[PDB]
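Notes to accompany the following structure.
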Amino acid sequence: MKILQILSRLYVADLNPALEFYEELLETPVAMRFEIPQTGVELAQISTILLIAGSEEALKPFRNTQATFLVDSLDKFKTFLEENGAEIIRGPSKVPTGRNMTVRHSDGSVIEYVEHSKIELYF
Amino acid sequence: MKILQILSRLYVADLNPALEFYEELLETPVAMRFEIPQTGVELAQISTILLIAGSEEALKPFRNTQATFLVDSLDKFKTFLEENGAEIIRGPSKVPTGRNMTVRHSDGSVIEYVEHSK
């Protein structure tokens with residue numbers, strides 16, 4: 001059971017101008033774009049920030065998640081969480097990048113747990 | 001200028017029980033408690049997570065901030081931000097742990113920038 005990265009979430013109307021800003025602020029000339037199931041929402045990652053773009057209406061449900069935890073194994077965390085007062089409210093579900101699940105911790109925090117599959121050369 | 005860490009923020013009613021949970025969840029047996037100016041609010045850091053504890057009312061204002069960026073130079077970032085469409089909402093202000101400020105980026109994101117010097 002290992003947390004690989006803790007990703008902070010930001011919500012914006014459009015990725016383009018926002019990305020340019022974060023590439024400058026974080027002094028990182030590249031960002032990742034992910035294939036996702038939700039329509040009307042675009043996802044990008046720069047440094048440890050996940051930029052979620054879409055209309056205020058499309059973004060509303062996404063704002064309920066406090067942060068995203070990239071982990072080595074969803075199953076290991078699922079077990080720990082269920083045995084520690086947490087409620088699995090979505091998934092585990094297969095997604096283009098691997099598998100995800102959304103969890104409500106006992107303290108009320110809502111966290112998205114993500115597990116990335118293989119997928120190879122951009123660097 | 002560099003962003004040293006990007007801290008995600010979680011809001012809870014009581015720090016102690018939550019701290020124990022996250023130490024186990026993140027397999028991190030040590031957390032840091034900070035002396036802060038606010039009253040009725042307790043702040044702890046575990047890994048790159050900031051746990052903010054207090055009443056629903058005491059926490060309300062803190063929830064308006066999406067994340068906290070720890071930087072090496074608050075002044076340099078203030079200049080960069082003001083020159084790149086961001087608005088300085090609060091601060092820079094002196095606090096027990098150094099200095100911080102709240103900023104609203106052009107895209108609407110509200111971020112707390114913090115500088116440690118003690």
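In the structure tokens, chains take letters A, B, ... by order of appearance, with residues numbered from 1 within each chain and ligands from 1 in the order shown.
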
Extract, using only C-alpha atoms, all DNA, RNA and protein residues at most 10 Å from residue 42 of chain A, discarding same-chain residues fewer than 5 positions from it, and format them as a PyMOL selection string. chain A and resi 12-15+33-37+51-54+59

Go ahead and save the residues from that selection, with N, CA and C atoms, as a short mmCIF file (atom, residue, chain, number, x, y, z; two decimals), in the first residue's frame.
```cif
data_model
loop_
_atom_site.label_atom_id
_atom_site.label_comp_id
_atom_site.auth_asym_id
_atom_site.auth_seq_id
_atom_site.Cartn_x
_atom_site.Cartn_y
_atom_site.Cartn_z
N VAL A 12 -10.97 25.42 -13.50
CA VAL A 12 -10.95 26.58 -14.38
C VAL A 12 -11.93 26.44 -15.54
N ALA A 13 -12.23 27.55 -16.19
CA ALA A 13 -13.16 27.55 -17.31
C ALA A 13 -12.53 26.96 -18.57
N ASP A 14 -11.27 27.31 -18.82
CA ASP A 14 -10.58 26.81 -20.01
C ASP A 14 -9.11 26.50 -19.72
N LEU A 15 -8.65 25.35 -20.19
CA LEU A 15 -7.27 24.93 -19.97
C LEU A 15 -6.20 25.80 -20.61
N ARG A 33 -2.00 15.57 -20.57
CA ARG A 33 -3.42 15.61 -20.85
C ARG A 33 -3.86 14.16 -20.77
N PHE A 34 -4.99 13.92 -20.11
CA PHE A 34 -5.49 12.57 -19.93
C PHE A 34 -6.80 12.30 -20.64
N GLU A 35 -6.98 11.05 -21.03
CA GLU A 35 -8.20 10.61 -21.68
C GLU A 35 -9.13 10.28 -20.52
N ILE A 36 -10.30 10.90 -20.48
CA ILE A 36 -11.24 10.63 -19.40
C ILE A 36 -12.65 10.35 -19.92
N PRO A 37 -13.49 9.70 -19.10
CA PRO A 37 -14.86 9.38 -19.49
C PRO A 37 -15.86 10.54 -19.47
N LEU A 51 -5.46 20.19 -13.24
CA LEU A 51 -6.31 21.26 -13.72
C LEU A 51 -7.54 20.64 -14.38
N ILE A 52 -8.71 20.96 -13.85
CA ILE A 52 -9.98 20.44 -14.36
C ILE A 52 -10.72 21.63 -14.97
N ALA A 53 -10.99 21.57 -16.28
CA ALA A 53 -11.65 22.66 -16.98
C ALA A 53 -13.02 22.31 -17.53
N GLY A 54 -13.92 23.28 -17.47
CA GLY A 54 -15.27 23.09 -17.97
C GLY A 54 -16.18 24.20 -17.48
N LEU A 59 -18.29 21.62 -13.81
CA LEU A 59 -17.29 21.53 -12.75
C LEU A 59 -17.87 21.30 -11.36
#
```

Mind running chain A against chain B at 7 Å and telling me each contacting residue's nearest atom pair with the distance in Å (one decimal), counting only C-alpha atoms, chain and number ascending, as JSON lines?
```
{"residue": "A:3", "atom": "CA", "partner": "B:26", "partner_atom": "CA", "distance": 6.5}
{"residue": "A:8", "atom": "CA", "partner": "B:8", "partner_atom": "CA", "distance": 5.3}
{"residue": "A:10", "atom": "CA", "partner": "B:109", "partner_atom": "CA", "distance": 6.6}
{"residue": "A:12", "atom": "CA", "partner": "B:107", "partner_atom": "CA", "distance": 5.9}
{"residue": "A:18", "atom": "CA", "partner": "B:107", "partner_atom": "CA", "distance": 6.2}
{"residue": "A:26", "atom": "CA", "partner": "B:3", "partner_atom": "CA", "distance": 6.9}
{"residue": "A:66", "atom": "CA", "partner": "B:10", "partner_atom": "CA", "distance": 6.7}
{"residue": "A:67", "atom": "CA", "partner": "B:8", "partner_atom": "CA", "distance": 6.7}
{"residue": "A:107", "atom": "CA", "partner": "B:12", "partner_atom": "CA", "distance": 5.9}
{"residue": "A:109", "atom": "CA", "partner": "B:10", "partner_atom": "CA", "distance": 6.6}
```

Residues within 12 Å of segment 95-104 of chain A, please, as a ChimeraX atom specification. Count only C-alpha atoms; anything in the same chain fewer than 2 positions from it doesn't count. /A:33-38,43,62,64-75,77-82,84-93,106-120

Based on the selection just made, write C-alpha atoms of those residues as a PDB file, in the first residue's frame.
```pdb
ATOM      1  CA  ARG A  33      -3.425  15.610 -20.849  1.00  0.00           C
ATOM      2  CA  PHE A  34      -5.490  12.570 -19.928  1.00  0.00           C
ATOM      3  CA  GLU A  35      -8.196  10.612 -21.682  1.00  0.00           C
ATOM      4  CA  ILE A  36     -11.241  10.627 -19.397  1.00  0.00           C
ATOM      5  CA  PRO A  37     -14.863   9.378 -19.489  1.00  0.00           C
ATOM      6  CA  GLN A  38     -16.631  12.597 -18.425  1.00  0.00           C
ATOM      7  CA  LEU A  43      -8.130  17.182 -17.429  1.00  0.00           C
ATOM      8  CA  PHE A  62     -15.874  17.781  -9.402  1.00  0.00           C
ATOM      9  CA  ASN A  64     -16.767  18.031  -4.049  1.00  0.00           C
ATOM     10  CA  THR A  65     -13.501  16.080  -4.194  1.00  0.00           C
ATOM     11  CA  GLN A  66     -10.806  17.609  -1.963  1.00  0.00           C
ATOM     12  CA  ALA A  67      -7.798  15.982  -3.633  1.00  0.00           C
ATOM     13  CA  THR A  68      -6.578  13.067  -5.727  1.00  0.00           C
ATOM     14  CA  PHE A  69      -4.257  10.362  -4.420  1.00  0.00           C
ATOM     15  CA  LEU A  70      -2.270   8.461  -7.044  1.00  0.00           C
ATOM     16  CA  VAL A  71      -1.617   5.030  -5.521  1.00  0.00           C
ATOM     17  CA  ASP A  72       0.132   1.769  -6.364  1.00  0.00           C
ATOM     18  CA  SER A  73      -2.880  -0.434  -5.600  1.00  0.00           C
ATOM     19  CA  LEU A  74      -6.542   0.579  -5.266  1.00  0.00           C
ATOM     20  CA  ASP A  75      -7.505  -2.766  -3.758  1.00  0.00           C
ATOM     21  CA  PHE A  77      -6.382   1.009  -0.015  1.00  0.00           C
ATOM     22  CA  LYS A  78     -10.007  -0.040  -0.454  1.00  0.00           C
ATOM     23  CA  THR A  79      -9.559  -2.703   2.220  1.00  0.00           C
ATOM     24  CA  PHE A  80      -7.783  -0.355   4.631  1.00  0.00           C
ATOM     25  CA  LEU A  81     -10.368   2.369   4.090  1.00  0.00           C
ATOM     26  CA  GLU A  82     -13.383   0.102   4.623  1.00  0.00           C
ATOM     27  CA  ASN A  84     -11.195   2.360   9.022  1.00  0.00           C
ATOM     28  CA  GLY A  85     -14.563   4.110   8.861  1.00  0.00           C
ATOM     29  CA  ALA A  86     -14.418   5.213   5.224  1.00  0.00           C
ATOM     30  CA  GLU A  87     -17.190   4.793   2.647  1.00  0.00           C
ATOM     31  CA  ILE A  88     -16.410   3.854  -0.956  1.00  0.00           C
ATOM     32  CA  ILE A  89     -18.907   5.995  -2.869  1.00  0.00           C
ATOM     33  CA  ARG A  90     -17.774   5.418  -6.483  1.00  0.00           C
ATOM     34  CA  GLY A  91     -15.915   2.531  -8.092  1.00  0.00           C
ATOM     35  CA  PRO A  92     -13.461   0.881  -8.286  1.00  0.00           C
ATOM     36  CA  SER A  93     -14.098   1.551 -11.975  1.00  0.00           C
ATOM     37  CA  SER A 106     -14.831   9.214   8.233  1.00  0.00           C
ATOM     38  CA  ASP A 107     -13.869  12.847   8.823  1.00  0.00           C
ATOM     39  CA  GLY A 108     -15.971  13.865   5.842  1.00  0.00           C
ATOM     40  CA  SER A 109     -13.194  14.442   3.319  1.00  0.00           C
ATOM     41  CA  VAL A 110     -13.898  13.213  -0.207  1.00  0.00           C
ATOM     42  CA  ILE A 111     -10.828  11.839  -1.973  1.00  0.00           C
ATOM     43  CA  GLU A 112     -10.336  10.366  -5.428  1.00  0.00           C
ATOM     44  CA  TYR A 113      -7.956   7.392  -5.445  1.00  0.00           C
ATOM     45  CA  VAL A 114      -6.360   6.620  -8.800  1.00  0.00           C
ATOM     46  CA  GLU A 115      -4.258   3.717 -10.038  1.00  0.00           C
ATOM     47  CA  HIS A 116      -2.419   4.149 -13.339  1.00  0.00           C
ATOM     48  CA  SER A 117      -1.980   1.185 -15.671  1.00  0.00           C
ATOM     49  CA  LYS A 118       1.168   0.494 -17.704  1.00  0.00           C
ATOM     50  CA  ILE A 119       1.274   2.854 -20.715  1.00  0.00           C
ATOM     51  CA  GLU A 120       4.798   3.600 -21.965  1.00  0.00           C
TER      52      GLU A 120
END
```

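Among the candidates A:17, A:11, A:25, A:30, the one nearest to residue 57 of chain A when counting only C-alpha atoms is A:11.
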
Might you pull out every residue within 8 Å of residue 41 of chain B, with only C-alpha atoms counted and same-chain residues fewer than 3 positions away left off, and present them as an mmCIF file with N, CA and C atoms, in the first residue's frame?
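For reference, part_25.cif as written:
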```
data_model
loop_
_atom_site.group_PDB
_atom_site.id
_atom_site.type_symbol
_atom_site.label_atom_id
_atom_site.label_comp_id
_atom_site.auth_asym_id
_atom_site.auth_seq_id
_atom_site.Cartn_x
_atom_site.Cartn_y
_atom_site.Cartn_z
ATOM 1 N N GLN B 38 -4.796 32.608 13.744
ATOM 2 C CA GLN B 38 -6.224 32.353 13.925
ATOM 3 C C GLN B 38 -6.566 31.654 15.231
ATOM 4 N N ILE B 52 -6.713 21.144 8.431
ATOM 5 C CA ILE B 52 -7.208 22.341 9.095
ATOM 6 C C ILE B 52 -8.421 21.906 9.905
ATOM 7 N N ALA B 53 -8.364 22.107 11.219
ATOM 8 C CA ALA B 53 -9.452 21.674 12.087
ATOM 9 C C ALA B 53 -10.153 22.800 12.834
ATOM 10 N N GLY B 54 -11.475 22.697 12.906
ATOM 11 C CA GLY B 54 -12.269 23.697 13.597
ATOM 12 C C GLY B 54 -13.750 23.491 13.345
ATOM 13 N N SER B 55 -14.578 24.368 13.905
ATOM 14 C CA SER B 55 -16.018 24.260 13.710
ATOM 15 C C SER B 55 -16.345 24.548 12.248
ATOM 16 N N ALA B 58 -15.916 28.131 11.729
ATOM 17 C CA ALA B 58 -14.530 28.581 11.795
ATOM 18 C C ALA B 58 -13.750 28.188 10.546
ATOM 19 N N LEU B 59 -14.174 27.100 9.908
ATOM 20 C CA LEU B 59 -13.513 26.590 8.709
ATOM 21 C C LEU B 59 -14.031 27.180 7.400
#
```

In chain A, DSSP strand (DSSP E) residues written as a count of residues only: 50

When DSSP is applied to the backbone of this structure, which of chain B are assigned alpha helix (DSSP H)? Write them out as an MDAnalysis selection string. chainID B and resid 15:25 56:59 74:82

May I have the selected residues written with N, CA, C and O atoms, as an mmCIF file, in the first residue's frame?
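Result saved to out.cif:
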```cif
data_model
loop_
_atom_site.group_PDB
_atom_site.id
_atom_site.type_symbol
_atom_site.label_atom_id
_atom_site.label_comp_id
_atom_site.auth_asym_id
_atom_site.auth_seq_id
_atom_site.Cartn_x
_atom_site.Cartn_y
_atom_site.Cartn_z
ATOM 1 N N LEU B 15 -8.702 17.570 15.074
ATOM 2 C CA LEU B 15 -7.383 17.210 14.574
ATOM 3 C C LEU B 15 -6.848 15.838 15.001
ATOM 4 O O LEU B 15 -6.493 15.017 14.157
ATOM 5 N N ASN B 16 -6.796 15.596 16.307
ATOM 6 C CA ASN B 16 -6.247 14.352 16.845
ATOM 7 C C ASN B 16 -6.667 13.032 16.202
ATOM 8 O O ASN B 16 -5.811 12.266 15.750
ATOM 9 N N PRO B 17 -7.976 12.731 16.169
ATOM 10 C CA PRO B 17 -8.368 11.462 15.550
ATOM 11 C C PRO B 17 -7.995 11.402 14.068
ATOM 12 O O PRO B 17 -7.541 10.370 13.566
ATOM 13 N N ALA B 18 -8.174 12.521 13.378
ATOM 14 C CA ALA B 18 -7.851 12.600 11.957
ATOM 15 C C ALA B 18 -6.356 12.399 11.732
ATOM 16 O O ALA B 18 -5.943 11.674 10.833
ATOM 17 N N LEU B 19 -5.540 13.040 12.559
ATOM 18 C CA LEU B 19 -4.099 12.923 12.419
ATOM 19 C C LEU B 19 -3.677 11.455 12.481
ATOM 20 O O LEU B 19 -2.854 10.999 11.684
ATOM 21 N N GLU B 20 -4.261 10.705 13.409
ATOM 22 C CA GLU B 20 -3.928 9.292 13.548
ATOM 23 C C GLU B 20 -4.303 8.527 12.284
ATOM 24 O O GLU B 20 -3.558 7.663 11.825
ATOM 25 N N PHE B 21 -5.458 8.859 11.718
ATOM 26 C CA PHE B 21 -5.928 8.204 10.507
ATOM 27 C C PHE B 21 -4.990 8.455 9.330
ATOM 28 O O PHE B 21 -4.573 7.518 8.649
ATOM 29 N N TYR B 22 -4.649 9.718 9.089
ATOM 30 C CA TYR B 22 -3.764 10.037 7.973
ATOM 31 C C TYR B 22 -2.339 9.519 8.154
ATOM 32 O O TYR B 22 -1.674 9.185 7.185
ATOM 33 N N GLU B 23 -1.864 9.441 9.392
ATOM 34 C CA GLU B 23 -0.518 8.916 9.608
ATOM 35 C C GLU B 23 -0.501 7.456 9.153
ATOM 36 O O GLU B 23 0.459 6.995 8.539
ATOM 37 N N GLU B 24 -1.578 6.732 9.440
ATOM 38 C CA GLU B 24 -1.676 5.334 9.042
ATOM 39 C C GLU B 24 -1.896 5.213 7.539
ATOM 40 O O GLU B 24 -1.237 4.423 6.864
ATOM 41 N N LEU B 25 -2.834 6.001 7.023
ATOM 42 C CA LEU B 25 -3.159 5.971 5.601
ATOM 43 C C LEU B 25 -1.969 6.309 4.720
ATOM 44 O O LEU B 25 -1.750 5.674 3.693
ATOM 45 N N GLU B 56 -17.506 24.083 11.799
ATOM 46 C CA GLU B 56 -17.935 24.302 10.423
ATOM 47 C C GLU B 56 -17.857 25.787 10.087
ATOM 48 O O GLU B 56 -17.478 26.167 8.980
ATOM 49 N N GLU B 57 -18.208 26.622 11.058
ATOM 50 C CA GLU B 57 -18.188 28.066 10.867
ATOM 51 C C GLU B 57 -16.762 28.612 10.824
ATOM 52 O O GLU B 57 -16.437 29.452 9.982
ATOM 53 N N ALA B 58 -15.916 28.131 11.729
ATOM 54 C CA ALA B 58 -14.530 28.581 11.795
ATOM 55 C C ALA B 58 -13.750 28.188 10.546
ATOM 56 O O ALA B 58 -12.793 28.864 10.166
ATOM 57 N N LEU B 59 -14.174 27.100 9.908
ATOM 58 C CA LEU B 59 -13.513 26.590 8.709
ATOM 59 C C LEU B 59 -14.031 27.180 7.400
ATOM 60 O O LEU B 59 -13.305 27.219 6.407
ATOM 61 N N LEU B 74 8.606 34.966 -0.903
ATOM 62 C CA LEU B 74 7.263 35.508 -1.033
ATOM 63 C C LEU B 74 7.262 36.784 -1.875
ATOM 64 O O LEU B 74 6.373 36.992 -2.699
ATOM 65 N N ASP B 75 8.265 37.633 -1.674
ATOM 66 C CA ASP B 75 8.337 38.882 -2.427
ATOM 67 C C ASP B 75 8.450 38.669 -3.932
ATOM 68 O O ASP B 75 7.752 39.326 -4.706
ATOM 69 N N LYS B 76 9.324 37.761 -4.352
ATOM 70 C CA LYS B 76 9.490 37.501 -5.777
ATOM 71 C C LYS B 76 8.194 36.975 -6.385
ATOM 72 O O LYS B 76 7.808 37.379 -7.480
ATOM 73 N N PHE B 77 7.514 36.077 -5.680
ATOM 74 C CA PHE B 77 6.263 35.546 -6.206
ATOM 75 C C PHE B 77 5.187 36.616 -6.257
ATOM 76 O O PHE B 77 4.371 36.634 -7.177
ATOM 77 N N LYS B 78 5.188 37.527 -5.288
ATOM 78 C CA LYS B 78 4.188 38.585 -5.295
ATOM 79 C C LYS B 78 4.357 39.396 -6.576
ATOM 80 O O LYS B 78 3.381 39.713 -7.258
ATOM 81 N N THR B 79 5.603 39.724 -6.900
ATOM 82 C CA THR B 79 5.894 40.498 -8.102
ATOM 83 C C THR B 79 5.475 39.738 -9.354
ATOM 84 O O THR B 79 4.855 40.298 -10.260
ATOM 85 N N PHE B 80 5.812 38.456 -9.408
ATOM 86 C CA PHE B 80 5.450 37.645 -10.557
ATOM 87 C C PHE B 80 3.939 37.600 -10.720
ATOM 88 O O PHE B 80 3.411 37.801 -11.810
ATOM 89 N N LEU B 81 3.239 37.323 -9.626
ATOM 90 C CA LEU B 81 1.789 37.229 -9.676
ATOM 91 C C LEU B 81 1.107 38.524 -10.102
ATOM 92 O O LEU B 81 0.221 38.510 -10.953
ATOM 93 N N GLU B 82 1.520 39.644 -9.520
ATOM 94 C CA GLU B 82 0.910 40.923 -9.865
ATOM 95 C C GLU B 82 1.140 41.287 -11.329
ATOM 96 O O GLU B 82 0.314 41.962 -11.940
#
```
